[PDB]
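The chain below stands alone and is given as structure tokens, in the form deposited in one PDB entry.
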């Protein structure tokens, strides 16, 4: 039985696409899906030259990931899936970037206690967040970016997807990913003549 371990920050549009893909895969393949939290804010800590404006666009970027960690600590890893879905629908599908509102709405949607929102503005969960992030994102390259998935235990950057594959198409892309994971002496495949629009 194949296993997808996926690290996400609700803010990340790449994570959003790749996680929606994995959920499509799960509809047409027998796989175990484990979500884990990582943090774009932590990625950004490790970059001394980040421009002021980009820092400003991330002013309160710890809130959603703190709440996700706190939810997992309180209720188990199982609640990450639906909490992430509720948050990401609002952030990515509705374009809502008032994160305080996204957090309270998403907890209610997911059926989780409202008090979890208080995690967003406390450092109590940061040690756990850092450890979760490092487990997922530690890589040997200076690329260090999202999306990162482990396929049957094999850590990858990508698949970098700019649209969510659906149904059996999603399944076939999973099958291909598993085949590459199964061959230890494969390292990289990348399109050269086109790139994702951002």
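Throughout, rigid core stands for the largest set of C-alpha atoms superposing within 1.5 Å between the two forms. Residue numbers count along the first chain shown, from 1.
Keep in mind that the form deposited in another entry is not shown, yet the notes after this line are about it.
- In a rigid core superposition between the shown form and the other one, 55 is the single residue of 166, 55, 172, 130 whose Cα is displaced by 2 Å or more.
- A change of 3 Å or more separates the two forms for residue 43 and residue 193: their C-alpha atoms lie closer together in the other form.
- Between the C-alpha atoms of residue 193 and residue 13, a gap narrowed by no less than 3 Å is obtained in the other form, as opposed to the form on display.
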